[PDB]
Amino acid sequence: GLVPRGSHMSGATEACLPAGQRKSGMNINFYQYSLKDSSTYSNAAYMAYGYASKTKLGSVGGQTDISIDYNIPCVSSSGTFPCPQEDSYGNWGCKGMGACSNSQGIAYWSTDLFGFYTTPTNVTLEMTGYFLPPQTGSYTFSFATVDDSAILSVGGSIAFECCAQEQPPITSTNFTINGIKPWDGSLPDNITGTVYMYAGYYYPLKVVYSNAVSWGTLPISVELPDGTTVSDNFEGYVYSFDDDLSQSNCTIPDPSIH
Ligand SMILES: OC[C@H]1O[C@H](O[C@@H]2[C@@H](O[C@H]3[C@@H](O)[C@H](O)[C@@H](CO)O[C@H]3O)O[C@H](CO)[C@@H](O)[C@@H]2O)[C@@H](O)[C@@H](O)[C@@H]1O
Ligand SMILES: [Ca+2]
Ligand SMILES: [Ca+2]
Ligand SMILES: [Cl-]
Ligand code: NA
Ligand code: NA
């Protein structure tokens with residue numbers, strides 16, 4: 001036929017063509033989360049949008065390295081140094097440092113998350129921006145692990161609305177990756193998710209991440225159509241645009257027929 005038929009039952013993921021000045025990287029907003037609260041982050045409504053009803057702590061823009069790898073301090077005989085969780089032992093020490101005098105159960109202040117001074121032990125953050133596929137095909141996003149709770153959403157009307165990156169969060173719970181901490185503890189059922197994307201369109205991307213205590217971990221990757229994997233550093237793939245709610249043609253409901 002002269003034209004492609006389109007994805008079945010309007011199945012294509014909504015994308016965007018923002019006309020304004022493109023900025024490299026994602027915006028990261030930080031919100032209050034209570035130390036050792038092991039329940040709030042288990043609710044889908046909280047992880048999709050309820051986080052923004054808590055106090056906003058601040059923000060950083062232009063972030064291309066988006067994985068989280070926060071290690072608490074070990075106050076050791078030779079000074080205070082971050083302890084990789086796999087090197088923690090006993091009650092407690094850190095391999096190569098001896099016994100640690102400090103508690104694993106208190107808040108710690110650091111700039112480890114995106115250079116922003118906060119409590120990485122206990123915080124929720126929202127990463128927003130647009131993913132620009134260089135290749136048409138299936139993209140598989142993944143979290144290698146999650147400590148404590150996280151979601152990833154892709155698409156207009158799923159992550160956020162086209163040309164409206166800076167607005168309060170939308171209520172969609174149709175997550176691309178549901179990494180929400182189960183009520184029974186243990187691992188979420190599935191921490192990949194796949195999206196079919198068309199080259200050159202901008203796909204809204206949202207990651208919401210929470211830590212309640214001590215270590216924080218969220219190693220983010222994407223497998224491209226060509227089979228290669230991009231991990232941690234998404235430079236060249238993620239961008240931000242200032243809101244333009246007046247750009248009438250911004251939303252592309254079905255990129256295969258655009
Ligand atoms: O999944 C929850 C967190 O687990 C780890 O945090 C540690 C965890 O400690 C456990 C025992 O070792 C402690 O003696 C006991 C005392 O509170 O708690 C158990 O759950 O939980 C503590 C908080 O209660 C933390 O202080 C410990 O660091 C770690 O993987 C965290 O990143 C997880 O969020
Ligand atoms: Ca919409
Ligand atoms: Ca934790
Ligand atoms: Cl040691
Ligand atoms: Na770590
Ligand atoms: Na430290």
# chains A, B, ... in the order shown; residues from 1 in each chain; ligands from 1
call {"tool": "residues_around", "arguments": {"residues": "region 35-49 of chain A", "least_positions_apart": "2", "cutoff": "8 Å", "atoms": "only C-alpha atoms", "output": "ChimeraX atom specification"}}
result
/A:33,51-53,105-107,121-122,149-151,169-173,180-183,208-210,212-213
call {"tool": "write_last_selection", "arguments": {"atoms": "N, CA, C and O atoms", "output": "short mmCIF file (atom, residue, chain, number, x, y, z; two decimals), in the first residue's frame"}}
result
data_model
loop_
_atom_site.label_atom_id
_atom_site.label_comp_id
_atom_site.auth_asym_id
_atom_site.auth_seq_id
_atom_site.Cartn_x
_atom_site.Cartn_y
_atom_site.Cartn_z
N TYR A 33 11.67 12.39 51.61
CA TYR A 33 11.26 11.02 51.89
C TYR A 33 11.82 10.67 53.25
O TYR A 33 12.97 10.92 53.53
N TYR A 51 4.73 11.56 45.02
CA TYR A 51 5.99 12.10 45.52
C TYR A 51 6.04 13.63 45.50
O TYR A 51 6.67 14.24 46.35
N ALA A 52 5.38 14.25 44.51
CA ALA A 52 5.45 15.70 44.33
C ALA A 52 4.53 16.44 45.31
O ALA A 52 4.55 17.67 45.31
N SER A 53 3.74 15.71 46.10
CA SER A 53 2.94 16.31 47.18
C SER A 53 3.78 16.52 48.45
O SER A 53 3.35 17.19 49.38
N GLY A 105 21.94 3.25 60.22
CA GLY A 105 20.53 3.59 60.35
C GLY A 105 20.19 5.05 60.52
O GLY A 105 19.05 5.36 60.80
N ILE A 106 21.16 5.95 60.33
CA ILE A 106 20.95 7.40 60.38
C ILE A 106 20.99 8.01 58.97
O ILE A 106 21.44 7.36 58.02
N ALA A 107 20.51 9.22 58.85
CA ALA A 107 20.62 9.97 57.61
C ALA A 107 22.07 10.45 57.42
O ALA A 107 22.79 10.72 58.39
N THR A 121 20.47 8.84 51.64
CA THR A 121 19.88 7.77 52.41
C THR A 121 18.37 7.74 52.38
O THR A 121 17.77 6.72 52.64
N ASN A 122 17.75 8.91 52.16
CA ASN A 122 16.31 9.03 52.34
C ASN A 122 15.84 10.22 51.49
O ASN A 122 15.93 11.39 51.94
N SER A 149 13.18 1.59 45.60
CA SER A 149 11.93 1.55 44.80
C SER A 149 12.13 2.43 43.58
O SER A 149 12.70 3.51 43.71
N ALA A 150 11.62 2.01 42.43
CA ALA A 150 11.75 2.83 41.22
C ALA A 150 10.78 2.45 40.14
O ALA A 150 10.37 1.29 40.07
N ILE A 151 10.45 3.42 39.29
CA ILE A 151 9.72 3.17 38.06
C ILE A 151 10.43 3.90 36.93
O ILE A 151 11.14 4.89 37.14
N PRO A 169 3.51 16.24 37.97
CA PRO A 169 3.42 14.93 37.34
C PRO A 169 2.01 14.52 36.98
O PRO A 169 1.04 14.89 37.66
N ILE A 170 1.89 13.78 35.89
CA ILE A 170 0.63 13.19 35.48
C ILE A 170 0.36 11.91 36.25
O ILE A 170 1.25 11.39 36.94
N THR A 171 -0.87 11.42 36.18
CA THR A 171 -1.27 10.34 37.06
C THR A 171 -1.13 8.93 36.51
O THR A 171 -1.42 7.96 37.21
N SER A 172 -0.61 8.78 35.29
CA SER A 172 -0.48 7.45 34.70
C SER A 172 0.37 6.51 35.54
O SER A 172 1.51 6.82 35.88
N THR A 173 -0.15 5.32 35.79
CA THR A 173 0.58 4.26 36.43
C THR A 173 0.92 3.15 35.41
O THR A 173 1.22 2.01 35.80
N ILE A 180 8.68 -1.09 41.71
CA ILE A 180 8.14 -0.66 43.01
C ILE A 180 8.44 -1.75 44.05
O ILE A 180 8.25 -2.94 43.79
N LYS A 181 8.91 -1.35 45.23
CA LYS A 181 9.24 -2.32 46.28
C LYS A 181 7.98 -3.03 46.71
O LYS A 181 7.04 -2.38 47.12
N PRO A 182 7.95 -4.38 46.57
CA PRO A 182 6.79 -5.13 47.04
C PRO A 182 6.55 -4.96 48.54
O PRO A 182 7.50 -4.72 49.30
N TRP A 183 5.29 -5.08 48.93
CA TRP A 183 4.88 -5.00 50.33
C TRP A 183 5.50 -6.13 51.17
O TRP A 183 5.81 -5.92 52.35
N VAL A 208 11.36 7.66 38.39
CA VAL A 208 11.15 8.05 39.79
C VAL A 208 11.84 7.00 40.64
O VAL A 208 11.64 5.81 40.45
N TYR A 209 12.64 7.46 41.59
CA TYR A 209 13.52 6.61 42.40
C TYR A 209 13.41 7.03 43.86
O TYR A 209 13.44 8.22 44.15
N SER A 210 13.32 6.06 44.77
CA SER A 210 13.31 6.33 46.21
C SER A 210 14.30 5.47 46.95
O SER A 210 14.45 4.25 46.67
N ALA A 212 15.03 4.72 51.15
CA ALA A 212 14.56 4.91 52.53
C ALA A 212 15.65 4.82 53.58
O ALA A 212 15.50 5.39 54.67
N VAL A 213 16.73 4.09 53.31
CA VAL A 213 17.79 3.95 54.27
C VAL A 213 19.06 3.51 53.56
O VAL A 213 19.00 2.81 52.54
#
call {"tool": "select_by_dssp", "arguments": {"residues": "region 16-144 of chain A", "states": "strand (DSSP E)", "output": "number ranges by chain"}}
result
A: 16, 23-24, 26-32, 56-63, 68-70, 73-76, 79-82, 88-89, 93-94, 98-99, 123-131, 137-143
call {"tool": "residues_near_ligand", "arguments": {"ligand": "ligand 6", "cutoff": "12 Å", "atoms": "only C-alpha atoms and all ligand atoms", "output": "ChimeraX atom specification"}}
result
/A:70-76,79-84,94,100,102,108-112,120,214-215
call {"tool": "closest_residue", "arguments": {"among": "A:124, A:119, A:21, A:78", "to": "residue 50 (chain A)", "atoms": "only C-alpha atoms"}}
result
A:124
call {"tool": "closest_residue", "arguments": {"among": "A:144, A:15, A:127, A:66", "to": "residue 158 (chain A)", "atoms": "only C-alpha atoms"}}
result
A:15
call {"tool": "closest_residue", "arguments": {"among": "A:93, A:133, A:18, A:155", "to": "residue 248 (chain A)", "atoms": "only C-alpha atoms"}}
result
A:18
call {"tool": "decode", "arguments": {"residues": "region 96-111 of chain A", "atoms": "N, CA, C and O atoms", "output": "compact mmCIF listing (two decimals), in the first residue's frame"}}
result
# COMPACT_ATOMS: atom_id res chain seq x y z
N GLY A 96 38.87 -3.73 53.93
CA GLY A 96 39.99 -2.84 53.68
C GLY A 96 40.04 -1.63 54.58
O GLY A 96 40.93 -0.79 54.44
N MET A 97 39.05 -1.47 55.46
CA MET A 97 38.95 -0.31 56.34
C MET A 97 38.85 -0.67 57.82
O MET A 97 38.99 0.20 58.66
N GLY A 98 38.57 -1.93 58.13
CA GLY A 98 38.32 -2.35 59.51
C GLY A 98 36.89 -2.02 59.96
O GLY A 98 35.99 -1.85 59.14
N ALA A 99 36.71 -1.96 61.27
CA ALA A 99 35.40 -1.71 61.84
C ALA A 99 34.98 -0.25 61.64
O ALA A 99 35.82 0.66 61.68
N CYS A 100 33.68 -0.04 61.41
CA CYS A 100 33.13 1.29 61.22
C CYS A 100 32.44 1.71 62.52
O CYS A 100 31.68 0.92 63.10
N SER A 101 32.67 2.92 63.00
CA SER A 101 32.05 3.34 64.25
C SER A 101 30.66 3.93 64.14
O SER A 101 29.95 4.08 65.15
N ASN A 102 30.24 4.26 62.93
CA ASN A 102 28.99 4.96 62.66
C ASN A 102 27.84 4.00 62.39
O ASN A 102 28.03 2.84 62.05
N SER A 103 26.62 4.51 62.50
CA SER A 103 25.43 3.73 62.32
C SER A 103 25.02 3.64 60.86
O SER A 103 25.01 4.64 60.14
N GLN A 104 24.57 2.46 60.43
CA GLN A 104 23.91 2.32 59.14
C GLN A 104 22.48 2.85 59.09
O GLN A 104 21.86 2.85 58.02
N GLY A 105 21.94 3.25 60.22
CA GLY A 105 20.53 3.59 60.35
C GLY A 105 20.19 5.05 60.52
O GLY A 105 19.05 5.36 60.80
N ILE A 106 21.16 5.95 60.33
CA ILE A 106 20.95 7.40 60.38
C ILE A 106 20.99 8.01 58.97
O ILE A 106 21.44 7.36 58.02
N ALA A 107 20.51 9.22 58.85
CA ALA A 107 20.62 9.97 57.61
C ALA A 107 22.07 10.45 57.42
O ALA A 107 22.79 10.72 58.39
N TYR A 108 22.50 10.52 56.15
CA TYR A 108 23.78 11.08 55.76
C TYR A 108 23.59 12.11 54.68
O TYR A 108 22.76 11.90 53.79
N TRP A 109 24.39 13.17 54.73
CA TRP A 109 24.34 14.29 53.76
C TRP A 109 25.54 14.19 52.82
O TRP A 109 26.66 13.96 53.24
N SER A 110 25.27 14.40 51.54
CA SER A 110 26.26 14.23 50.50
C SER A 110 25.75 14.88 49.22
O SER A 110 24.57 15.02 49.03
N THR A 111 26.69 15.19 48.33
CA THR A 111 26.39 15.60 46.96
C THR A 111 26.47 14.46 45.95
O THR A 111 26.41 14.71 44.74
